[PDB]
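A single chain, nothing else alongside it, follows as structure tokens in the form deposited in one PDB entry.
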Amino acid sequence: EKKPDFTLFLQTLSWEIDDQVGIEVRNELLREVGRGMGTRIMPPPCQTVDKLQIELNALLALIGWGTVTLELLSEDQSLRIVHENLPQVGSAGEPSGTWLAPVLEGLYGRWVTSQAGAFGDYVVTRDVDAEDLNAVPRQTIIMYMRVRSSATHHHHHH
């Protein structure tokens, strides 16, 4: 036998979740999942972004969730994450096709913030601007990783 196929199930599972639960809540559910995946498989402690890239691809390769490039952006030392071939699971998600994308946000977040302390206080953010979402495939997810903060006035409004 092969292993069983979950594509059908996730197609229908994503439909149900989306029906019952807002875009928001579902995304937050999916990042926690991705964060948890990253407690199950992890890179070793890498010396350089490049080495981190090779190790992440090895991990992706292990479950066939595609390939990734990492680019350290000096101008603000954010890190650009370009993930290719996010597995497609039916037409849910925004854009349609990309339901699993938050899983990556949580995955990359756990993965990358495990590094030197160099990337300790970082947060992942999916690039959703339809502009540069256009010239790149449906199943390509672009994320940026940067350091977090918070206003005193945001602080209330718990």
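In this text, residue numbers run from 1 along the sequence as written. Rigid core (definition): largest C-alpha set, two forms, superposition within 1.5 Å.
Absent from the display: the form deposited in another entry. The rest refers to it.
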Residue showing a 2 Å-or-more C-alpha displacement between this form and the one not shown once the rigid core is overlaid, selected from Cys46, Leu133, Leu29, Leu60: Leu133
Is_shifted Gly120 between this form and the one not shown (CA, 2 Å cut-off, rigid core): yes
Inter-Cα distance between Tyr122 and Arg26 in the other form, nearer or further [3 Å or more]: closer
Cα distance between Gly120 and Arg26, which in the other form differs by 3 Å or more from this form, closer or farther: closer
